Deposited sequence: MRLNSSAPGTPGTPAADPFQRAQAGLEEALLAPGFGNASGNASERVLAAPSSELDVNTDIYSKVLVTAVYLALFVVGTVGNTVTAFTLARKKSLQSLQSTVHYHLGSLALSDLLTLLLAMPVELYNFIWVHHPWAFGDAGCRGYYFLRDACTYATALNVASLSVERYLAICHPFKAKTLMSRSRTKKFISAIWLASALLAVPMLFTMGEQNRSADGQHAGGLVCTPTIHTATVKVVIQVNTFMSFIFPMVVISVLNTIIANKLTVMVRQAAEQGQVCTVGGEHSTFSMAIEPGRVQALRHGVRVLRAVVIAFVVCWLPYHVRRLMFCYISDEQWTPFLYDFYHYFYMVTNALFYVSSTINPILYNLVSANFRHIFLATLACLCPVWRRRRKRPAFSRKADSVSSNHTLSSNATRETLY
């Protein structure tokens, strides 16, 4: 009867709940005000919207049923699939928005004229809409996977229902490997290379120019441009490696210490995953003074 429970401490529950609440209150306002403020502007707004949707959708249900001391699920078979579908859609949307914003900034800084030629305002709106639709399409597989199951040994216990994958482990493993490849590795490489080359362009700018604030502005620009990659990697690697550890490890390797450590690493990885939704407006203000002024006024 009790084989289906998780034994993380109640104090840990309250602490992680406090962290989640703080991140939620910061991020909701941070993204909402910047979205209201509003071709890099379209990409910035799309990224803010994706972060806001992530924080609004994943945070509450996860904190209630997933990130807690209680095992039993209460969203019904349809909800089991819906929660994960929205979470995956939001994750892909955030990653693709970051990659597209990096590409747009690359084009604007390095190749201005053709950037506007090929990335007109209507073209930009169509591109962001297509990115959102692609993110939604890539999250379809989670619908038929993350169902509900009466995992209790008796099969009819008071909390048998749990939101867990239903497919045979091989297909769950392969789909989550594809998720890691398409949501982290590809955006990671794109972001890293493009941000590094843009930072090198700004560094050669600084070297050639050598101004009171011009050098300072370029230095802070490159600092933030590489801190973007640092933050992306830090926030997103633990989550995907936790999913891969969940999928790949064999039954014989599992041990109670591993089980409890995994259910702690869940909280750690999800906190780091949510930190991304709140970091963005902070950097947006740190990078542009005019944007900071409009943000504060709004």
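Coordinate coverage of the deposited sequence is interrupted at 1-50, 89-99, 272-290, 379-418, where no C-alpha atom was modelled.
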